[PDB]
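Read the structure below first, then the notes.
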Amino acid sequence: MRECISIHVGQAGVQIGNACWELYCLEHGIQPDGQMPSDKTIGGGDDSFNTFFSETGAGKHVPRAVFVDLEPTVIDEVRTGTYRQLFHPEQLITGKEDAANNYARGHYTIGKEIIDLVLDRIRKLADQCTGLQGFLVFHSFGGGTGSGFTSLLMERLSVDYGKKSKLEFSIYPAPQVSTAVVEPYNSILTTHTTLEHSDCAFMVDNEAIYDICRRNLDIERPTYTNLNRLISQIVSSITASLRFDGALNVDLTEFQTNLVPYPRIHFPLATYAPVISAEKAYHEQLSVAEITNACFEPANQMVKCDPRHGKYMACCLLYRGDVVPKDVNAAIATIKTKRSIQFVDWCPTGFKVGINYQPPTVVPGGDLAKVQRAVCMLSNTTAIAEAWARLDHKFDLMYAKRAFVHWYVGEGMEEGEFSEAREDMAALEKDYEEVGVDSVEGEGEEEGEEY
Amino acid sequence: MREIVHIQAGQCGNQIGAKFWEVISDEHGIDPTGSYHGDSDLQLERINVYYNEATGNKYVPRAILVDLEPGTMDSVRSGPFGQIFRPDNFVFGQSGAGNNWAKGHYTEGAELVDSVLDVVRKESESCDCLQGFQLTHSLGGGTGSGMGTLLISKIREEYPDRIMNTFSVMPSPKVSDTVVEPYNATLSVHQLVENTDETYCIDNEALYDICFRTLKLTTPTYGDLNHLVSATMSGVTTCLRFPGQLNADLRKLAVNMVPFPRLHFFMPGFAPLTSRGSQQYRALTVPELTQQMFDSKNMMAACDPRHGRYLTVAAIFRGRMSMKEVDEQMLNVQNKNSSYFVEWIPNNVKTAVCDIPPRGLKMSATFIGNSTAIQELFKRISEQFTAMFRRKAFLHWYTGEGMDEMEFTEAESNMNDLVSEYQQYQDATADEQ
Amino acid sequence: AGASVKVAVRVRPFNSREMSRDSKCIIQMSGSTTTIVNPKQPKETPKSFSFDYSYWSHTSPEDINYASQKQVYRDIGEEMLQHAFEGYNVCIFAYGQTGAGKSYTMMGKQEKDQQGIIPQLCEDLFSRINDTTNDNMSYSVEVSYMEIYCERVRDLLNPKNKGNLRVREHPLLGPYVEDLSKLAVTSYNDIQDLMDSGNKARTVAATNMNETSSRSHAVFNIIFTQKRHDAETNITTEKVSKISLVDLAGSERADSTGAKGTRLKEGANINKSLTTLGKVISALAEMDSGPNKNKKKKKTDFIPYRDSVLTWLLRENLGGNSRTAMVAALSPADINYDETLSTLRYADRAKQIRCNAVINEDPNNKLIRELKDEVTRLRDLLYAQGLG
Ligand SMILES: CC(=O)O[C@H]1C(=O)[C@@]2(C)[C@H]([C@H](OC(=O)c3ccccc3)[C@]3(O)C[C@H](OC(=O)[C@H](O)[C@@H](NC(=O)c4ccccc4)c4ccccc4)C(C)=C1C3(C)C)[C@]1(OC(C)=O)CO[C@@H]1C[C@@H]2O
Ligand SMILES: Nc1nc2c(ncn2[C@@H]2O[C@H](COP(=O)(O)OP(=O)(O)OP(=O)(O)O)[C@@H](O)[C@H]2O)c(=O)[nH]1
Ligand SMILES: Nc1ncnc2c1ncn2[C@@H]1O[C@H](COP(=O)(O)OP(=O)(O)NP(=O)(O)O)[C@@H](O)[C@H]1O
Ligand SMILES: Nc1nc2c(ncn2[C@@H]2O[C@H](COP(=O)(O)OP(=O)(O)O)[C@@H](O)[C@H]2O)c(=O)[nH]1
Ligand SMILES: [Mg+2]
């Protein structure tokens, strides 16, 4: 019973959750109303996989998900939509205003009186579970709710549960495009919590996804639905290892064991290789070598950062479909001989490999082609520091003049907190610069006693 | 459920309010009688933002109408939507202010403010979660400016943690209808700058320019100006009433727009605007809306943005559109016109998207700028103010109502201070010592 | 004219409850630098700050580097009185959270062997005044005491209902408060009695931190008028000066006090006022230093006085030809760490300057390095002279 509890916070979290649960319902043969006709037609089976869905006596399947927001709008769209009968009616939406792009409003002022209900329902979901594996928290940097309330929730969860893994998928602010004037303050404030209380944070950038959609899928005018569907595919690839059989299965603990060298370096990038349109699915083989090479192309990264400017510290490749080990070994050997891809000298092995038999599914009305093979790569590297440094600069440009600060102090913060967060960020950045350095020449300086 | 109380004082406020209640009661399908005869199911989902429910499946707006002269009220009752309003909300007296700010603030309005506050308190106590207030009034008038400022002060005293918007029609250089506009405008701005979260800047010359040059109306009347105003007021609060890909409450706009407490004077704008026969010649796309929004001829405040720098801007789009186009267009506008945007804010463009457009359009957009050029407006008034205060041109009409000459000095100094911050952020560097 | 600021930070040697417990110190001071160590994270590093003055009043019977009360008074109060008697305005802010020791530094005990700032100021003022009362000279002193609560002014001495007074701007005399009682005094005893009478009227409420925490800023203003009869009829007031004694309510986090309603409103307003005061103080010091050295007149910049009543009423004292000094108290326990660091972060404002780390020698490594260097030097000397 490899069970996982999903938590969606804020507008971005709820919409990514809509995409994710559409994909999960289609993978398992579950209808929008919760019934599964496959078991009725066959007579019984394991298709009600306990990773995501809980089965009642009548044959209905209720997801193991928790949606939270301070705006009634985003979740009232779900209560009256296609999937109104799938979710439990209890959706934890405060009938009040929103955090208003304010960390303080969502952490100190209004995040209270909704936190207790959220933890009570999370407790109820965790009591139903046997062998709970971890949490998957979806939220967004730069928002009020998605930053502050996620901070509070993560703190309380780390207090209560403690040992369970807590993975985090989040939308980092982009370098150029933005949807708010006070994004840097919220991001720098919530880094201080996501550094301590999470176990592994996967960051995605909307500019990168727009570029991938433009170049690969030939979509000139994408919306958030396409980005959410791509993120859903990635999360499904991560979690497939504990839902279907495979040659090599990689659980959620092996993730953290292999990709996290030190406790403060748990910020890997994520990429998905066979992102291609139906028309271009032809004229292409889509072999293991091609997709493994495409994972390492800088253009296909989901965060606007160049891996060639840093060094790879760990890689985890999760394959789906008609894949066999020998091609994976050949592809890894080919990648190890390229000079543009540099690994830190203190990690000779480098690669973790997992294989699953279930091929990826196609969502009707989607834009990804039907393929026989796929790979999701997760790479813990040092280039991510660049993605932070830009943000730091932006923060400084506003904090020298204390712009937009009185909104934060009016909601229960003091000024010094800002400085504290900034200092923490510098320390984290410094750590990356210390771990990518090559070991000192002949690490024991030199040696050579008698004989 | 976010809910806003609407107040309208004076002739200008009442006219704009009547037109506004016709634009909002045609997007949320409401019969003039008060019944619902819409088609879409999303019209009633968030009807409680503006309307209370009455027993016969009817809907009554939260409007509160104020005036020191009864006649305007009659013009509202004998109209297309006169019967929609509750009779008890028609609070009024007699012997109007006579374009005297002192009468509106101290002598006459002080007697009627208690009744107006009683009605406001009754309306607010029934609300599930009050979001804020709106006020429509004119600075250059009598009962409008004085009573509006007095009510704003009292309400902020009673409800400090709620938003207070304000759609004010200020004086203009050439189109002036009163001889004592400078005094009223100065003493009103002295009150608005202290006790308001957001203020929107409207003046009749910009609206006339829009009517003459964009809409190509031969003989515009006040109805068209109120039409444009109502369009922007409906655009501002679209996200409280409808779903979208990226929402934007009033408080989000306040947080993102104002960098400091005293800079909350905004330049509003609306797009698209075409002149009937030209409609077939222009393709409606997001680039076209972005081009028209940032054009200096489209602003509603008669303040050229090219004479200053945008501290912040906000764009609320309505319609089914691609987020990539919105993001790329705002980034391109920032990058190309780099000289007209302040440098110590990395990105100064808020963007929001709502799914359901207006009734007869496929796409629309509302623009809220916060720029230093607004200083020019105040500076103009200040000039005229001193030109009349050095000689005490009409000062006895004000001091005869219990005022003192020092209050004028306080108001003038406060406006001059306010101009200072704008003039400051207005330059395009500071290196030399 | 110029209004250069001073920053002094004091420590308060343990109290009876903290002596009874086994609490440890965390604050150390050296030169112009203070350093604090996290009890919960002793492994990382200390945090260091630097000010104009660091006062180590931790060991009362100490003879070496003990921040005596007379030392503090000579540092700030004598200079400010001398500036006042020249015909200019001076101000003293008292900042600190509960248990810091603000009251002791501001007032002190009544044994009169270790006095605070204020009785020394008043005694020197009256002593000087009575000293220079020649045939031609005359002096008048009067006092006012008010508070600011949630951006509303109230009178502490007047026994009327605690209503909100109106703030006006006289064109020449600047901001003022209507109907604010102004009382004349003839000795420091009257000043301190009026201080007691007004302090009994402050708005004090119980939080999760202490049962009596200040919720409103307070201002005690001493107006000092000089009138000299030069030979003719010149008693016309030569100069009028202002001494401001301002008591700030400390900043707070909603975590420490999660009470809703009045407490949240008070905390938010206090934090807003403190942030605006920090901004105006920092802006005032910078241009100051600038001119004092650049003598240029970079226009008049623009100091945000109007973003709060507190800075608005103190416009004449903060700006212009004036002097300013903020004194901060930093409790000494290991339990109030979250307090103390925050106070330093507020004291870091007002001309934030480079602190530099506090690296020093490690005894074993120090001895090893010095002995190796000595061996190298002696060996080089021997080799140079052909004796090695
Ligand atoms: C055939 C056709 O396309 O009709 C359009 C039309 O021709 C145009 C010219 C309309 C028309 O607007 C005007 O001519 C006009 C004149 C004076 C002042 C303001 C507008 C229109 O009247 C405006 C009208 O707008 C609506 O129907 C919206 O619901 C609108 N509501 C009202 O105008 C309204 C007024 C009184 C009573 C009830 C509704 C609205 C706009 C913004 C926000 C909320 C509501 C529309 C689409 C049109 C006509 C009818 C010609 C335009 O106006 C607007 C605001 O959309 C002019 O610029 C647009 C471009 C449109 O193409
Ligand atoms: N990829 C992706 N990003 C989104 C989506 N929705 C919002 N975002 C991002 O989220 C950021 C804003 O934060 P929000 O998620 O809207 O914060 P919130 O949930 O609305 O919380 P409040 O601000 O209090 O209302 C924007 O910069 C968007 O880029 C989405 O559906 N997909
Ligand atoms: N230099 C010093 N020598 C001796 N005692 C000192 C010194 N500085 C401070 N104290 C002590 O500090 C205490 C004054 O602070 P105290 O009144 O206990 O806290 P508080 O009331 O929370 N401070 P406050 O902000 O004014 O309210 C007294 O017990 C003094 O004896
Ligand atoms: N937009 C608009 N402005 C108006 C209208 N009537 C008057 N005004 C403006 O308001 C000013 C007169 O103020 P007035 O309405 O008499 O203020 P009141 O006496 O308090 O109601 C003039 O300068 C006009 O520009 C109107 O119907 N629409
Ligand atoms: Mg939101």
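By convention in this document, the chains of the structure tokens carry letters A, B, ... by their order, each chain's residues are numbered from 1, and ligands are numbered from 1 in the order they are shown.
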I want to know what sits within 9 Å of residue 105 (chain B), based on only C-alpha atoms, with residues of the same chain fewer than 2 positions away left out; could you give that as a PyMOL selection string? chain B and resi 100-103+107-110+142-143+145-150
Those residues with C-alpha atoms, as a PDB file, in the first residue's frame please?
```pdb
ATOM      1  CA  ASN B 100     -19.570  75.931  -1.404  1.00  0.00           C
ATOM      2  CA  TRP B 101     -17.186  73.353   0.040  1.00  0.00           C
ATOM      3  CA  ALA B 102     -17.737  74.731   3.542  1.00  0.00           C
ATOM      4  CA  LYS B 103     -21.496  74.162   3.361  1.00  0.00           C
ATOM      5  CA  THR B 107     -22.720  73.527   7.910  1.00  0.00           C
ATOM      6  CA  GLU B 108     -25.231  71.537   5.839  1.00  0.00           C
ATOM      7  CA  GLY B 109     -23.617  68.136   5.296  1.00  0.00           C
ATOM      8  CA  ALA B 110     -22.990  67.742   9.023  1.00  0.00           C
ATOM      9  CA  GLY B 142     -20.350  71.657  -3.661  1.00  0.00           C
ATOM     10  CA  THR B 143     -22.225  68.805  -1.961  1.00  0.00           C
ATOM     11  CA  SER B 145     -16.679  67.092  -2.767  1.00  0.00           C
ATOM     12  CA  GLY B 146     -17.510  68.138   0.787  1.00  0.00           C
ATOM     13  CA  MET B 147     -19.992  65.397   1.616  1.00  0.00           C
ATOM     14  CA  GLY B 148     -17.844  62.755  -0.063  1.00  0.00           C
ATOM     15  CA  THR B 149     -14.758  63.709   1.919  1.00  0.00           C
ATOM     16  CA  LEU B 150     -16.748  63.896   5.166  1.00  0.00           C
TER      17      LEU B 150
END
```
(message) For a quick test of understanding: name the residues of chain B lying within 10 Å of chain C when counting only C-alpha atoms, and present them as a PyMOL selection string.
(response) chain B and resi 160-161+194+260-262+406-407+409-411+413-414+417-418+420-421+424+432-433
Take the selection from the previous step and output its residues with N, CA, C and O atoms, as a short mmCIF file (atom, residue, chain, number, x, y, z; two decimals), in the first residue's frame.
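Saved result, out28.cif, follows:
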```
data_model
loop_
_atom_site.label_atom_id
_atom_site.label_comp_id
_atom_site.auth_asym_id
_atom_site.auth_seq_id
_atom_site.Cartn_x
_atom_site.Cartn_y
_atom_site.Cartn_z
N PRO B 160 -11.62 50.75 9.49
CA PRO B 160 -10.25 51.05 9.05
C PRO B 160 -9.64 50.00 8.15
O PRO B 160 -8.79 50.34 7.32
N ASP B 161 -10.03 48.73 8.28
CA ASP B 161 -9.39 47.62 7.59
C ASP B 161 -10.12 47.21 6.32
O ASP B 161 -10.09 46.03 5.95
N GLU B 194 -5.22 61.51 2.39
CA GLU B 194 -4.99 60.94 3.71
C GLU B 194 -5.86 59.71 3.97
O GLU B 194 -5.38 58.75 4.56
N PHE B 260 4.12 53.34 -1.98
CA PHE B 260 4.12 54.08 -0.73
C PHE B 260 2.71 54.55 -0.44
O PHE B 260 1.88 54.64 -1.36
N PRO B 261 2.39 54.85 0.83
CA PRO B 261 0.97 55.07 1.18
C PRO B 261 0.31 56.23 0.46
O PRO B 261 -0.89 56.16 0.16
N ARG B 262 1.05 57.29 0.17
CA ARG B 262 0.46 58.52 -0.33
C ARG B 262 0.33 58.58 -1.85
O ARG B 262 -0.29 59.52 -2.36
N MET B 406 -6.33 79.42 7.89
CA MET B 406 -5.20 78.51 8.01
C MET B 406 -5.46 77.20 7.26
O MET B 406 -4.53 76.60 6.72
N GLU B 407 -6.72 76.76 7.21
CA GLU B 407 -7.05 75.48 6.58
C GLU B 407 -6.67 75.48 5.11
O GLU B 407 -6.20 74.46 4.57
N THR B 409 -4.15 77.09 3.87
CA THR B 409 -2.71 76.91 3.86
C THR B 409 -2.33 75.45 4.09
O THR B 409 -1.41 74.95 3.43
N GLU B 410 -3.02 74.77 5.00
CA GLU B 410 -2.75 73.35 5.21
C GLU B 410 -2.99 72.56 3.93
O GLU B 410 -2.17 71.72 3.54
N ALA B 411 -4.12 72.82 3.26
CA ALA B 411 -4.43 72.09 2.04
C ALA B 411 -3.40 72.35 0.95
O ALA B 411 -2.95 71.42 0.27
N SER B 413 -0.23 73.32 1.31
CA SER B 413 1.03 72.69 1.67
C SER B 413 0.98 71.19 1.44
O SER B 413 1.95 70.59 0.98
N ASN B 414 -0.15 70.56 1.78
CA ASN B 414 -0.26 69.11 1.59
C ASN B 414 -0.20 68.74 0.12
O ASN B 414 0.47 67.77 -0.26
N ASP B 417 3.40 69.11 -1.04
CA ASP B 417 4.22 67.96 -0.58
C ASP B 417 3.95 66.80 -1.51
O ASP B 417 4.91 66.20 -2.01
N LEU B 418 2.67 66.50 -1.75
CA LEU B 418 2.34 65.37 -2.60
C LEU B 418 3.02 65.49 -3.96
O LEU B 418 3.54 64.50 -4.50
N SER B 420 5.79 66.83 -4.58
CA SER B 420 7.25 66.59 -4.40
C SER B 420 7.63 65.14 -4.75
O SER B 420 8.50 64.98 -5.62
N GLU B 421 7.04 64.14 -4.08
CA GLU B 421 7.43 62.72 -4.30
C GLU B 421 7.38 62.40 -5.80
O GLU B 421 8.34 61.76 -6.33
N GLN B 424 10.09 63.94 -7.83
CA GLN B 424 11.32 63.18 -7.49
C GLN B 424 11.42 61.92 -8.36
O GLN B 424 12.33 61.86 -9.21
N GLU B 432 25.12 62.37 -10.11
CA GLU B 432 25.97 63.49 -9.62
C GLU B 432 25.67 63.81 -8.15
O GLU B 432 24.59 63.41 -7.67
N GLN B 433 26.59 64.50 -7.47
CA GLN B 433 26.39 64.88 -6.05
C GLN B 433 26.45 66.40 -5.92
O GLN B 433 25.66 66.94 -5.11
#
```
Exercise. Name the residues in contact with residue 52 (chain B) at a cut-off of 7 Å, using only C-alpha atoms, excluding same-chain residues fewer than 2 positions from it; report them as a PyMOL selection string.
Key: chain B and resi 48+54+59-62
Residue subset to file, keeping C-alpha atoms, as a short mmCIF file (atom, residue, chain, number, x, y, z; two decimals), in the first residue's frame:
```cif
data_model
loop_
_atom_site.label_atom_id
_atom_site.label_comp_id
_atom_site.auth_asym_id
_atom_site.auth_seq_id
_atom_site.Cartn_x
_atom_site.Cartn_y
_atom_site.Cartn_z
CA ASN B 48 -24.28 39.10 -4.05
CA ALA B 54 -35.65 40.40 -2.11
CA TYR B 59 -32.52 41.86 -6.67
CA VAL B 60 -31.96 45.31 -5.16
CA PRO B 61 -28.56 47.07 -5.44
CA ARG B 62 -26.56 48.28 -2.44
#
```
Check your understanding: Near residue 344 (chain C), within 10 Å and counting only C-alpha atoms, which residues show up once chain neighbours fewer than 5 positions away are dropped, as a list in words?
Key ->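 Residues near the query, excluding close chain neighbours: residues 416 of chain A; 9, 34, 35, 36, 47, 48, 49, 50, 51, 96, 328, 329, 330, 339 and 349 of chain C.
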Just want the residues within 10 Å of ligand 1, written as JSON, numbers by chain, counting only C-alpha atoms and all ligand atoms. {"B": [19, 20, 21, 22, 23, 24, 25, 26, 27, 207, 210, 211, 214, 215, 216, 217, 220, 221, 222, 223, 224, 225, 226, 227, 228, 229, 230, 231, 232, 233, 234, 235, 236, 238, 270, 271, 272, 273, 274, 275, 276, 277, 278, 279, 280, 282, 284, 318, 357, 358, 359, 360, 361, 362, 363, 364, 365, 366]}
Distance limit 6 Å, atoms considered: only C-alpha atoms. Which chain C residues sit that close to chain A? Return them as a ChimeraX atom specification.
/C:253-254,268,345
Can you write out the residues you just picked, keeping C-alpha atoms, as a short mmCIF file (atom, residue, chain, number, x, y, z; two decimals), in the first residue's frame?
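Everything below was put into part-v3.cif:
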```
data_model
loop_
_atom_site.label_atom_id
_atom_site.label_comp_id
_atom_site.auth_asym_id
_atom_site.auth_seq_id
_atom_site.Cartn_x
_atom_site.Cartn_y
_atom_site.Cartn_z
CA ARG C 253 5.65 39.54 15.66
CA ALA C 254 2.19 38.01 15.38
CA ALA C 268 0.50 46.69 12.95
CA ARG C 345 18.44 44.86 13.52
#
```
